[PDB]
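The structure appears right after this line, and notes come after that.
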Amino acid sequence: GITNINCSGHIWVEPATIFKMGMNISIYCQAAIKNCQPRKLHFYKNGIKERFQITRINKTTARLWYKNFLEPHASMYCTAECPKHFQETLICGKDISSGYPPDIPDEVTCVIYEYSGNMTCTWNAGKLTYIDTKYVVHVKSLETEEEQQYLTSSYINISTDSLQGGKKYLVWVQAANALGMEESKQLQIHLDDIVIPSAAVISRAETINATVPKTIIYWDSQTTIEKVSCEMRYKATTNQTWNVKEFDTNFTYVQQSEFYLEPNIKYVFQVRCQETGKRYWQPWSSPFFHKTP
Amino acid sequence: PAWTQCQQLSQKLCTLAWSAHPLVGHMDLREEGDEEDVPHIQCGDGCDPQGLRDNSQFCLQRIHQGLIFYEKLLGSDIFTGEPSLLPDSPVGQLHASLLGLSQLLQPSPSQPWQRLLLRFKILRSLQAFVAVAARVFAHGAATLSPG
Amino acid sequence: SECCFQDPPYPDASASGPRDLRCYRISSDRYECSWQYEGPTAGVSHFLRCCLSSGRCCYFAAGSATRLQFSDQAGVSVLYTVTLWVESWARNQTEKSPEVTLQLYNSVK
Amino acid sequence: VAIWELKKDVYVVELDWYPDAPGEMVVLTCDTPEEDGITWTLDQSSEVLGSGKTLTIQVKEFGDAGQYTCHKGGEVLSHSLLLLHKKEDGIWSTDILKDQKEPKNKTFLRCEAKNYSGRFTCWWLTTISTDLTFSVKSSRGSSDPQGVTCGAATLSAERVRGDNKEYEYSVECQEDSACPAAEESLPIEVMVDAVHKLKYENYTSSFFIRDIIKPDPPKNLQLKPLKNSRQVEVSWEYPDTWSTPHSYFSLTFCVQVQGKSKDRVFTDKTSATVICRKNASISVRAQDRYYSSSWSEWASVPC
Ligand SMILES: *[C@@H]1O[C@H](CO)[C@@H](O[C@@H]2O[C@H](CO)[C@@H](O[C@@H]3O[C@H](CO)[C@@H](O)[C@H](O)[C@@H]3O)[C@H](O)[C@H]2NC(C)=O)[C@H](O)[C@H]1NC(C)=O
Ligand SMILES: *[C@@H]1O[C@H](CO)[C@@H](O[C@@H]2O[C@H](CO)[C@@H](O)[C@H](O)[C@H]2NC(C)=O)[C@H](O)[C@H]1NC(C)=O
Ligand SMILES: *[C@@H]1O[C@H](CO)[C@@H](O)[C@H](O)[C@H]1NC(C)=O
Ligand SMILES: *[C@@H]1O[C@H](CO)[C@@H](O)[C@H](O)[C@H]1NC(C)=O
Ligand SMILES: *[C@@H]1O[C@H](CO)[C@@H](O)[C@H](O)[C@H]1NC(C)=O
Ligand SMILES: *[C@@H]1O[C@H](CO)[C@@H](O)[C@H](O)[C@H]1NC(C)=O
Ligand SMILES: *[C@@H]1O[C@H](CO)[C@@H](O)[C@H](O)[C@H]1NC(C)=O
């Protein structure tokens, strides 16, 4: 009628309506008009009539062929010229998609930002998929052997409240789209070893005019974790090497690092911290510049 | 009076309707649904020049029903889903101009490829409706407005 | 042009005469017949004769022309085999072309 | 496939056309109440094979068609005219009419309307002049059709093409109860039957009145100078054949300057200002203002 399409025939695609990008494809259109043997058969891509690579193989069926189809989406529909009509007769249409099968997800990592209360699991998804690819995250307890699954489109936050059965778990990721499906290797975690303390930030940078110029660096974090190791990098912007110092800091008070440096040069400063001995670190803080007197 | 605002906005509508879809008649395809529901300006709906001099209330009752009917479609998923219709696109302005003009009178599933063909069908059927609507407003502002 | 089914105005009977009769289908329902004549064309009248499947035979008065067209309702059948030849009456006796017989419909070229 | 009656004692027989066809055997019956020695005579034909109340001849060529007559006892009882409808590989024959190519391919029937009044004129072309007969009937809608009265098909024009003459036929039609202001929902259906000698064909065309509207050229086109900058004020009027009133059936115009070599402006008003040049001509078209139908023809004046 007016609010719906009434197909008068059907259309199909080889190899399939969803195919690997860059492949040759053939689109077949078979008409089914009551009292009309079609004079000609047209194809439209995104409302644009196609003029090439169309062959009248059958009096009622037509084939459109594309070499190296690169569009990720395309709306196809075909029509028929009927002698008793001044209008083109709609046959049927179909949306075709192109993409790639998903890679085997690797670099699976699960961490718990301290006060976030939920565990953030990420991974490397691999090649571009272009098509709707869904990800299933499996979580299994090394103790009670019970397995939970979680669906997502990007990454996921899993609440620690749902992690009741033990503190040792196995985590792997399944990636799936129309063209394929792959699975990652199992990653085991210990909920005590995958915690990352709250962000550590640099406050100021003061230089003292005394015997030797001291560049005091003020930085602090709001973490309840006790055993914490940190690292700080400092380089002259003209230079291209990184100098680093290690500290086992106590965040009860704001930290003060005393550096003996050279005057009248630009500098850069970054910090990252971890629970001592644990596997994961913080990301490097945003670069903090400071010219000396 | 109020007839001038309805005349100016309807003038913009006929511009926006054809501007949204400049396809010619032979381009329009047809499908096996020959049999007939959609509100049309029927014969004797009081929208002829004599009908407005006798009583303009009858013609506006049908035009009001049509403007909210086609507005219901520009708000449907047909005109909002994939492929996305741009809001500032000339098709998007038609929606607000339809609701605004409708206010002055009296104070479902679909797949992305079907929407292209459906959108074509609605706009053409709308164009014939906006045409006769802009005629009664032009006649009203030129005859009943000065009085 | 319409095929008259009576007899030609000369007696039925030399080496000189027309030759190489070729007929094809020029349109969806119109046809054309071309031939050539060996000799002077002064006073020569050509007549294209055709015989149907029932045995009835007709003729076209071509006049001095060496090319004749006709529709599918002139009396000549096109879906079945017919017999064609050109007869020319210049002086003394009648002259004929080689015989050509075929189904006219499938002559599209 | 089947056979059908065109009018009184006139029949059309559908024939698949391919080489070496068997045709379709046809059973004809004389309209006689009682007879035991019926002979059959086709028009002039002296040779008479007809016998009995029913005669069956294998229709496989035009020669088997025509007016078949059965007269008993030296008195003519009735006649019977047989026409052929040529079907070729599933395609109905279209030899009588010519392809107009407008607006698209295979547009044998083309129709125009000078206004919304409900009067329209459909025309066609043909390459023959004799033994030709047309028959036009029309209505609005197919299910419950409304009344549409059509005149007679008549020769309107005769021109020359490459090697032959082209013949233009036309017919005038009027909707019995027309509603110009109404938004049309059911289309007009025009059906034309064509018979050339013994060959029958039929054509069709569907349209709304609003889509076939082509107004007549502008009326009373004149020019007048402007002393300030030697510009010209063009003035025209609405055509008489256009619908009334003009405050309801508005129009839009297009004004251009052409000077025997190689300028278009659009307006809704009935005048405009342009610039004239040497041996230049100003021309104006017309179109419905609120519906993009066909443009009018040009009305021109010299500078
Ligand atoms: C109406 O129908 C005719 C049918 O012939 C259309 O003619 C089309 O003409 C083009 C161009 O001649 C044909 O394609 C091209 O032919 C040229 C040689 O002429 C060649 O250079 C190209 O490689 C290609 O073959 C086309 O085949 C032909 N149509 C058909 C169905 O065969 C005409 O365009 C139609 N439209 C109008 C408005 O008349
Ligand atoms: C998982 O939780 C983290 C926090 O631990 C979320 O990170 C931030 O969330 C807020 C909204 O609550 C956003 O405004 C921020 O942009 C997020 N990022 C940062 C760096 O603060 C994170 O959004 C959660 N997961 C997902 C998929 O959203
Ligand atoms: C597509 O076909 C062409 C030749 O027909 C060939 O050269 C090309 O490699 C094919 N491409 C694919 C992806 O199969
Ligand atoms: C092709 O047409 C024939 C009819 O001759 C039909 O039987 C067949 O199914 C058609 N093939 C396709 C692929 O549509
Ligand atoms: C936990 O994950 C949810 C998921 O919506 C997120 O919104 C939230 O910021 C995360 N952290 C919390 C709740 O502390
Ligand atoms: C650049 O950094 C390296 C790494 O510590 C250091 O040895 C070198 O002295 C620096 N350059 C200068 C000019 O001090
Ligand atoms: C048109 O001609 C065909 C060919 O035989 C015939 O079957 C048909 O009935 C005619 N049209 C109508 C509407 O009857």
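Labels for the structure tokens follow display order: chains A, B, ..., residues from 1 in each chain, ligands from 1.
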Exercise for the section: Please extract the residues at most 12 Å from ligand 1, counting only C-alpha atoms and all ligand atoms, and provide them as a VMD selection string, using the chain letters and residue numbers of this document. Expected result: (chain A and resid 39 to 42 51 to 52 56 81) or (chain B and resid 26) or (chain D and resid 99 to 107)
Please find the residues of chain B near chain A - the criterion being any atom within 7 Å, counting only C-alpha atoms - and write them as a list in words. residues 26, 28, 29, 30, 31, 32, 33, 113 and 114 of chain B
For the residues selected in the previous step, produce a file with N, CA and C atoms as an mmCIF file, in the first residue's frame.
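Written output follows (part_28.cif):
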```cif
data_model
loop_
_atom_site.group_PDB
_atom_site.id
_atom_site.type_symbol
_atom_site.label_atom_id
_atom_site.label_comp_id
_atom_site.auth_asym_id
_atom_site.auth_seq_id
_atom_site.Cartn_x
_atom_site.Cartn_y
_atom_site.Cartn_z
ATOM 1 N N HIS B 26 8.293 10.004 -14.884
ATOM 2 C CA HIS B 26 8.619 8.684 -15.413
ATOM 3 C C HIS B 26 9.578 7.927 -14.500
ATOM 4 N N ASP B 28 9.282 7.687 -11.201
ATOM 5 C CA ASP B 28 8.516 6.983 -10.176
ATOM 6 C C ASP B 28 8.166 5.577 -10.637
ATOM 7 N N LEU B 29 8.539 4.599 -9.825
ATOM 8 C CA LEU B 29 8.197 3.208 -10.056
ATOM 9 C C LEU B 29 6.845 2.887 -9.423
ATOM 10 N N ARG B 30 6.298 1.730 -9.783
ATOM 11 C CA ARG B 30 5.015 1.296 -9.258
ATOM 12 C C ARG B 30 5.099 -0.165 -8.837
ATOM 13 N N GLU B 31 4.316 -0.516 -7.820
ATOM 14 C CA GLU B 31 4.311 -1.855 -7.251
ATOM 15 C C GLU B 31 2.899 -2.431 -7.266
ATOM 16 N N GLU B 32 2.821 -3.754 -7.101
ATOM 17 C CA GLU B 32 1.603 -4.528 -7.335
ATOM 18 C C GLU B 32 0.418 -4.122 -6.464
ATOM 19 N N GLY B 33 0.597 -3.131 -5.596
ATOM 20 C CA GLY B 33 -0.491 -2.674 -4.755
ATOM 21 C C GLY B 33 -1.398 -1.665 -5.430
ATOM 22 N N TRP B 113 16.650 -0.463 3.428
ATOM 23 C CA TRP B 113 16.502 -0.327 1.980
ATOM 24 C C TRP B 113 15.074 0.020 1.583
ATOM 25 N N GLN B 114 14.081 -0.476 2.325
ATOM 26 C CA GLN B 114 12.695 -0.135 2.022
ATOM 27 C C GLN B 114 12.413 1.338 2.272
#
```
Kindly compile the residues surrounding ligand 6 within 9 Å, counting only C-alpha atoms and all ligand atoms, and format them as a ChimeraX atom specification.
-> /A:235-236,238-244,262
Written selection (N, CA, C and O atoms) as an mmCIF file, in the first residue's frame:
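What landed in out-v6.cif:
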```cif
data_model
loop_
_atom_site.group_PDB
_atom_site.id
_atom_site.type_symbol
_atom_site.label_atom_id
_atom_site.label_comp_id
_atom_site.auth_asym_id
_atom_site.auth_seq_id
_atom_site.Cartn_x
_atom_site.Cartn_y
_atom_site.Cartn_z
ATOM 1 N N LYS A 235 62.961 14.931 31.571
ATOM 2 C CA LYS A 235 63.877 15.163 30.467
ATOM 3 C C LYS A 235 63.812 16.627 30.064
ATOM 4 O O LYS A 235 62.771 17.276 30.191
ATOM 5 N N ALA A 236 64.938 17.146 29.589
ATOM 6 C CA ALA A 236 64.932 18.450 28.944
ATOM 7 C C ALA A 236 64.272 18.320 27.579
ATOM 8 O O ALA A 236 64.587 17.400 26.818
ATOM 9 N N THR A 238 64.645 19.759 24.887
ATOM 10 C CA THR A 238 65.615 19.699 23.802
ATOM 11 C C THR A 238 66.219 18.308 23.681
ATOM 12 O O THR A 238 66.529 17.857 22.572
ATOM 13 N N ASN A 239 66.379 17.615 24.805
ATOM 14 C CA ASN A 239 66.923 16.269 24.821
ATOM 15 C C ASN A 239 65.888 15.279 24.290
ATOM 16 O O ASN A 239 64.713 15.605 24.098
ATOM 17 N N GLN A 240 66.338 14.042 24.055
ATOM 18 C CA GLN A 240 65.464 12.992 23.544
ATOM 19 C C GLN A 240 65.590 11.702 24.349
ATOM 20 O O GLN A 240 65.177 10.639 23.875
ATOM 21 N N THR A 241 66.141 11.768 25.556
ATOM 22 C CA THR A 241 66.276 10.604 26.416
ATOM 23 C C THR A 241 65.462 10.825 27.685
ATOM 24 O O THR A 241 65.118 11.958 28.033
ATOM 25 N N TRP A 242 65.144 9.733 28.374
ATOM 26 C CA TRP A 242 64.329 9.766 29.582
ATOM 27 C C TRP A 242 65.180 9.394 30.789
ATOM 28 O O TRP A 242 65.797 8.323 30.813
ATOM 29 N N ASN A 243 65.208 10.275 31.787
ATOM 30 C CA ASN A 243 65.789 9.977 33.089
ATOM 31 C C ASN A 243 64.671 9.677 34.079
ATOM 32 O O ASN A 243 63.651 10.373 34.104
ATOM 33 N N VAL A 244 64.860 8.633 34.886
ATOM 34 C CA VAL A 244 63.806 8.113 35.748
ATOM 35 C C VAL A 244 64.343 7.909 37.158
ATOM 36 O O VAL A 244 65.520 7.591 37.358
ATOM 37 N N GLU A 262 69.614 21.771 36.137
ATOM 38 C CA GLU A 262 70.300 22.884 35.499
ATOM 39 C C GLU A 262 69.328 24.020 35.206
ATOM 40 O O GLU A 262 68.178 23.773 34.827
#
```
**Request:** Enumerate residues in contact with ligand 3: an atom-to-atom distance of at most 10 Å, counting only C-alpha atoms and all ligand atoms. Format the result as a VMD selection string.
**Result:** chain A and resid 20 to 25 65 to 69
Can you write out the residues you just picked, keeping N, CA and C atoms, as an mmCIF file, in the first residue's frame?
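Writing done, so here's selection12.cif:
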```
data_model
loop_
_atom_site.group_PDB
_atom_site.id
_atom_site.type_symbol
_atom_site.label_atom_id
_atom_site.label_comp_id
_atom_site.auth_asym_id
_atom_site.auth_seq_id
_atom_site.Cartn_x
_atom_site.Cartn_y
_atom_site.Cartn_z
ATOM 1 N N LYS A 20 32.656 -10.909 2.272
ATOM 2 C CA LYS A 20 33.962 -10.327 2.543
ATOM 3 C C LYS A 20 34.219 -9.167 1.589
ATOM 4 N N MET A 21 34.698 -8.050 2.135
ATOM 5 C CA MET A 21 34.945 -6.863 1.326
ATOM 6 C C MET A 21 35.988 -7.151 0.253
ATOM 7 N N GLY A 22 35.789 -6.564 -0.925
ATOM 8 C CA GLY A 22 36.716 -6.718 -2.024
ATOM 9 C C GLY A 22 36.469 -7.910 -2.923
ATOM 10 N N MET A 23 35.435 -8.701 -2.656
ATOM 11 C CA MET A 23 35.137 -9.873 -3.464
ATOM 12 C C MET A 23 34.228 -9.520 -4.633
ATOM 13 N N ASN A 24 34.326 -10.321 -5.690
ATOM 14 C CA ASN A 24 33.335 -10.271 -6.753
ATOM 15 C C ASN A 24 31.996 -10.768 -6.227
ATOM 16 N N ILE A 25 30.922 -10.080 -6.605
ATOM 17 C CA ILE A 25 29.579 -10.458 -6.187
ATOM 18 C C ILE A 25 28.648 -10.412 -7.388
ATOM 19 N N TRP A 65 26.694 -7.828 -11.747
ATOM 20 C CA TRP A 65 27.978 -8.295 -11.244
ATOM 21 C C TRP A 65 28.863 -7.105 -10.904
ATOM 22 N N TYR A 66 29.470 -7.141 -9.721
ATOM 23 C CA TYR A 66 30.386 -6.104 -9.268
ATOM 24 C C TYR A 66 31.758 -6.712 -9.026
ATOM 25 N N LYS A 67 32.792 -6.053 -9.542
ATOM 26 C CA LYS A 67 34.171 -6.451 -9.294
ATOM 27 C C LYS A 67 34.726 -5.653 -8.122
ATOM 28 N N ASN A 68 35.250 -6.360 -7.123
ATOM 29 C CA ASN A 68 35.868 -5.752 -5.944
ATOM 30 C C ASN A 68 34.932 -4.726 -5.299
ATOM 31 N N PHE A 69 33.885 -5.246 -4.663
ATOM 32 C CA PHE A 69 32.901 -4.386 -4.017
ATOM 33 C C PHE A 69 33.467 -3.883 -2.695
#
```
Practice problem: Pick out the residues no farther than 6 Å from ligand 2, counting only C-alpha atoms and all ligand atoms, and list them as a ChimeraX atom specification. | Solution: /A:113,116,155-157
Mind dumping a table of every chain A residue within 12 Å of ligand 7, with the nearest atom pair and its distance in Å to one decimal, using only C-alpha atoms and all ligand atoms, sorted by chain and rising number, as a tab-separated table?
```
residue	atom	partner	partner_atom_place_in_ligand_line	distance
A:35	CA	ligand 7	7 (O)	10.7
A:83	CA	ligand 7	1 (C)	11.5
A:84	CA	ligand 7	1 (C)	9.8
```
Q: Give me, please, the distance in Å between CA of residue 287 in chain A and CA of residue 203 in chain A, quoted to one decimal.
A: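 For CA of residue 287 in chain A relative to CA of residue 203 in chain A, the distance reads 11.9 Å.
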Tell me the residues of chain C close to chain D, meaning within 8 Å using only C-alpha atoms, as a PyMOL selection string. chain C and resi 28-29+73+75+77+79-80+103+105-106
In chain B, what's alpha helix (DSSP H) per DSSP? Answer as JSON, numbers by chain?
{"B": [2, 3, 4, 5, 6, 7, 8, 9, 10, 11, 12, 13, 14, 15, 16, 17, 18, 19, 20, 49, 50, 51, 52, 53, 54, 57, 58, 59, 60, 61, 62, 63, 64, 65, 66, 67, 68, 69, 70, 71, 72, 73, 74, 90, 91, 92, 93, 94, 95, 96, 97, 98, 99, 100, 101, 102, 103, 104, 105, 112, 113, 114, 115, 116, 117, 118, 119, 120, 121, 122, 123, 124, 125, 126, 127, 128, 129, 130, 131, 132, 133, 134, 135, 136, 137, 138, 139, 140, 141, 142, 143]}
Output of the above residues as a PDB file, in the first residue's frame, restricted to C-alpha atoms:
```pdb
ATOM      1  CA  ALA B   2      -4.242  34.966   9.857  1.00  0.00           C
ATOM      2  CA  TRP B   3      -4.688  33.855   6.231  1.00  0.00           C
ATOM      3  CA  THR B   4      -1.433  35.579   5.250  1.00  0.00           C
ATOM      4  CA  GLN B   5       0.749  33.471   7.559  1.00  0.00           C
ATOM      5  CA  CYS B   6      -0.875  30.279   6.265  1.00  0.00           C
ATOM      6  CA  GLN B   7      -0.272  31.471   2.695  1.00  0.00           C
ATOM      7  CA  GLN B   8       3.410  32.320   3.191  1.00  0.00           C
ATOM      8  CA  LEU B   9       4.250  29.091   5.028  1.00  0.00           C
ATOM      9  CA  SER B  10       2.403  26.947   2.476  1.00  0.00           C
ATOM     10  CA  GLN B  11       4.400  28.693  -0.256  1.00  0.00           C
ATOM     11  CA  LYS B  12       7.568  27.576   1.538  1.00  0.00           C
ATOM     12  CA  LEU B  13       6.149  24.049   1.838  1.00  0.00           C
ATOM     13  CA  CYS B  14       5.595  23.595  -1.904  1.00  0.00           C
ATOM     14  CA  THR B  15       9.159  24.819  -2.403  1.00  0.00           C
ATOM     15  CA  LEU B  16      10.510  22.434   0.244  1.00  0.00           C
ATOM     16  CA  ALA B  17       8.410  19.491  -0.966  1.00  0.00           C
ATOM     17  CA  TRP B  18       9.702  19.554  -4.543  1.00  0.00           C
ATOM     18  CA  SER B  19      13.171  20.685  -3.435  1.00  0.00           C
ATOM     19  CA  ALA B  20      13.384  17.564  -1.273  1.00  0.00           C
ATOM     20  CA  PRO B  49     -13.370  28.713  -4.432  1.00  0.00           C
ATOM     21  CA  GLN B  50     -17.146  28.553  -3.937  1.00  0.00           C
ATOM     22  CA  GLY B  51     -16.681  26.278  -0.929  1.00  0.00           C
ATOM     23  CA  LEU B  52     -14.491  28.820   0.847  1.00  0.00           C
ATOM     24  CA  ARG B  53     -16.931  31.674   0.223  1.00  0.00           C
ATOM     25  CA  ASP B  54     -19.762  29.507   1.557  1.00  0.00           C
ATOM     26  CA  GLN B  57     -14.467  25.549   8.020  1.00  0.00           C
ATOM     27  CA  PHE B  58     -15.049  22.377   5.987  1.00  0.00           C
ATOM     28  CA  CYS B  59     -11.866  22.647   3.916  1.00  0.00           C
ATOM     29  CA  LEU B  60      -9.614  23.347   6.910  1.00  0.00           C
ATOM     30  CA  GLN B  61     -10.947  20.298   8.775  1.00  0.00           C
ATOM     31  CA  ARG B  62      -9.540  18.065   6.028  1.00  0.00           C
ATOM     32  CA  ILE B  63      -6.300  20.022   5.573  1.00  0.00           C
ATOM     33  CA  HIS B  64      -5.667  19.906   9.330  1.00  0.00           C
ATOM     34  CA  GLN B  65      -6.159  16.131   9.384  1.00  0.00           C
ATOM     35  CA  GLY B  66      -3.754  15.755   6.462  1.00  0.00           C
ATOM     36  CA  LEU B  67      -1.027  17.922   7.985  1.00  0.00           C
ATOM     37  CA  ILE B  68      -0.975  15.881  11.199  1.00  0.00           C
ATOM     38  CA  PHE B  69      -1.140  12.663   9.152  1.00  0.00           C
ATOM     39  CA  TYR B  70       1.943  13.503   7.083  1.00  0.00           C
ATOM     40  CA  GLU B  71       3.622  14.966  10.175  1.00  0.00           C
ATOM     41  CA  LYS B  72       3.085  11.597  11.870  1.00  0.00           C
ATOM     42  CA  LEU B  73       5.183  10.092   9.064  1.00  0.00           C
ATOM     43  CA  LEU B  74       8.096  12.550   9.190  1.00  0.00           C
ATOM     44  CA  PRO B  90      15.627  20.225   3.067  1.00  0.00           C
ATOM     45  CA  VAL B  91      13.595  17.152   4.072  1.00  0.00           C
ATOM     46  CA  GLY B  92      14.071  17.955   7.760  1.00  0.00           C
ATOM     47  CA  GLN B  93      12.727  21.507   7.530  1.00  0.00           C
ATOM     48  CA  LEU B  94       9.517  20.112   6.017  1.00  0.00           C
ATOM     49  CA  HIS B  95       8.700  18.486   9.371  1.00  0.00           C
ATOM     50  CA  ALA B  96       8.760  21.685  11.442  1.00  0.00           C
ATOM     51  CA  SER B  97       6.985  23.679   8.725  1.00  0.00           C
ATOM     52  CA  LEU B  98       4.295  20.983   8.726  1.00  0.00           C
ATOM     53  CA  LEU B  99       3.764  21.087  12.500  1.00  0.00           C
ATOM     54  CA  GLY B 100       3.955  24.878  12.710  1.00  0.00           C
ATOM     55  CA  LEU B 101       1.365  25.350   9.975  1.00  0.00           C
ATOM     56  CA  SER B 102      -0.774  22.614  11.539  1.00  0.00           C
ATOM     57  CA  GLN B 103      -0.765  24.559  14.816  1.00  0.00           C
ATOM     58  CA  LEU B 104      -2.295  27.680  13.238  1.00  0.00           C
ATOM     59  CA  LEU B 105      -5.458  25.886  12.089  1.00  0.00           C
ATOM     60  CA  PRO B 112      16.950   0.560   5.670  1.00  0.00           C
ATOM     61  CA  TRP B 113      16.502  -0.327   1.980  1.00  0.00           C
ATOM     62  CA  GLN B 114      12.695  -0.135   2.022  1.00  0.00           C
ATOM     63  CA  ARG B 115      12.859   3.340   3.570  1.00  0.00           C
ATOM     64  CA  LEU B 116      14.451   4.777   0.419  1.00  0.00           C
ATOM     65  CA  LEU B 117      11.519   3.541  -1.666  1.00  0.00           C
ATOM     66  CA  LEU B 118       8.939   4.444   0.985  1.00  0.00           C
ATOM     67  CA  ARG B 119      10.385   7.951   1.426  1.00  0.00           C
ATOM     68  CA  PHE B 120       9.959   8.448  -2.329  1.00  0.00           C
ATOM     69  CA  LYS B 121       6.306   7.383  -2.194  1.00  0.00           C
ATOM     70  CA  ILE B 122       5.364   9.644   0.731  1.00  0.00           C
ATOM     71  CA  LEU B 123       6.986  12.773  -0.701  1.00  0.00           C
ATOM     72  CA  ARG B 124       5.247  12.471  -4.080  1.00  0.00           C
ATOM     73  CA  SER B 125       1.868  11.797  -2.451  1.00  0.00           C
ATOM     74  CA  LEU B 126       2.556  14.755  -0.148  1.00  0.00           C
ATOM     75  CA  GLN B 127       3.361  17.102  -3.047  1.00  0.00           C
ATOM     76  CA  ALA B 128      -0.140  16.814  -4.520  1.00  0.00           C
ATOM     77  CA  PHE B 129      -1.607  17.539  -1.078  1.00  0.00           C
ATOM     78  CA  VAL B 130       0.513  20.633  -0.405  1.00  0.00           C
ATOM     79  CA  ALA B 131      -0.348  21.975  -3.873  1.00  0.00           C
ATOM     80  CA  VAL B 132      -4.116  22.244  -3.391  1.00  0.00           C
ATOM     81  CA  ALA B 133      -3.524  23.416   0.189  1.00  0.00           C
ATOM     82  CA  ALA B 134      -1.433  26.362  -1.011  1.00  0.00           C
ATOM     83  CA  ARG B 135      -4.218  27.276  -3.453  1.00  0.00           C
ATOM     84  CA  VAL B 136      -6.959  27.766  -0.851  1.00  0.00           C
ATOM     85  CA  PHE B 137      -4.615  29.889   1.275  1.00  0.00           C
ATOM     86  CA  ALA B 138      -3.628  32.039  -1.706  1.00  0.00           C
ATOM     87  CA  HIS B 139      -7.309  32.486  -2.573  1.00  0.00           C
ATOM     88  CA  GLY B 140      -8.241  33.239   1.035  1.00  0.00           C
ATOM     89  CA  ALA B 141      -5.543  35.869   1.541  1.00  0.00           C
ATOM     90  CA  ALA B 142      -6.597  37.520  -1.742  1.00  0.00           C
ATOM     91  CA  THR B 143     -10.386  37.523  -1.249  1.00  0.00           C
TER      92      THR B 143
END
```
- [ ] Within range 13-100 of chain C, find each residue whose DSSP state, derived from the backbone, is strand (DSSP E or B), and express the selection as a PyMOL selection string.
- [x] chain C and resi 17-25+30-38+45-51+57-63+67-71+82-89+94-96+100
TODO: Dump the neighbourhood of ligand 4 as a PyMOL selection string: all residues within 7 Å, distances computed on only C-alpha atoms and all ligand atoms.
DONE: chain A and resi 30+58-61
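Selection of all polymer residues within 10 Å of ligand 5 on the basis of only C-alpha atoms and all ligand atoms gives residues 112, 113, 114, 115, 116, 117, 118, 119, 120, 156, 157, 158, 159 and 160 of chain A.
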So that I have them on file, write out the residues from the current selection with N, CA, C and O atoms, as a short mmCIF file (atom, residue, chain, number, x, y, z; two decimals), in the first residue's frame.
```
data_model
loop_
_atom_site.label_atom_id
_atom_site.label_comp_id
_atom_site.auth_asym_id
_atom_site.auth_seq_id
_atom_site.Cartn_x
_atom_site.Cartn_y
_atom_site.Cartn_z
N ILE A 112 41.17 -3.58 37.95
CA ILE A 112 40.17 -2.95 38.81
C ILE A 112 40.74 -1.61 39.26
O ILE A 112 41.64 -1.56 40.10
N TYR A 113 40.22 -0.53 38.69
CA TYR A 113 40.51 0.78 39.23
C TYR A 113 39.91 0.89 40.63
O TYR A 113 38.76 0.50 40.86
N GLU A 114 40.72 1.41 41.55
CA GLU A 114 40.54 1.23 42.99
C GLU A 114 39.11 1.45 43.47
O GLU A 114 38.44 0.49 43.87
N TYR A 115 38.63 2.68 43.42
CA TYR A 115 37.32 3.00 43.95
C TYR A 115 36.20 2.76 42.95
O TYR A 115 35.03 2.95 43.29
N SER A 116 36.54 2.34 41.72
CA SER A 116 35.54 2.11 40.69
C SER A 116 34.58 0.97 41.03
O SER A 116 33.47 0.94 40.49
N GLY A 117 34.99 0.03 41.88
CA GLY A 117 34.10 -1.03 42.30
C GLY A 117 33.77 -2.04 41.23
O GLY A 117 33.13 -3.06 41.52
N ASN A 118 34.20 -1.82 40.00
CA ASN A 118 33.97 -2.83 38.99
C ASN A 118 35.25 -3.02 38.19
O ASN A 118 36.14 -2.17 38.17
N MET A 119 35.38 -4.23 37.65
CA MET A 119 36.59 -4.66 36.96
C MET A 119 36.46 -4.33 35.49
O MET A 119 35.45 -4.67 34.86
N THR A 120 37.46 -3.66 34.94
CA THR A 120 37.45 -3.22 33.55
C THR A 120 38.32 -4.17 32.74
O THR A 120 39.54 -4.21 32.92
N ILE A 156 33.98 -3.61 28.48
CA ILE A 156 32.97 -3.92 29.49
C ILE A 156 33.51 -3.64 30.89
O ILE A 156 34.71 -3.79 31.16
N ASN A 157 32.61 -3.22 31.77
CA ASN A 157 32.85 -3.13 33.21
C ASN A 157 32.05 -4.23 33.90
O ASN A 157 30.82 -4.26 33.79
N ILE A 158 32.74 -5.12 34.61
CA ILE A 158 32.09 -6.17 35.39
C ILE A 158 32.16 -5.80 36.86
O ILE A 158 33.25 -5.52 37.39
N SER A 159 31.01 -5.81 37.53
CA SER A 159 30.95 -5.42 38.93
C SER A 159 31.60 -6.47 39.82
O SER A 159 31.41 -7.68 39.63
N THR A 160 32.39 -6.01 40.80
CA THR A 160 32.99 -6.93 41.76
C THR A 160 31.93 -7.64 42.59
O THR A 160 32.18 -8.74 43.10
#
```
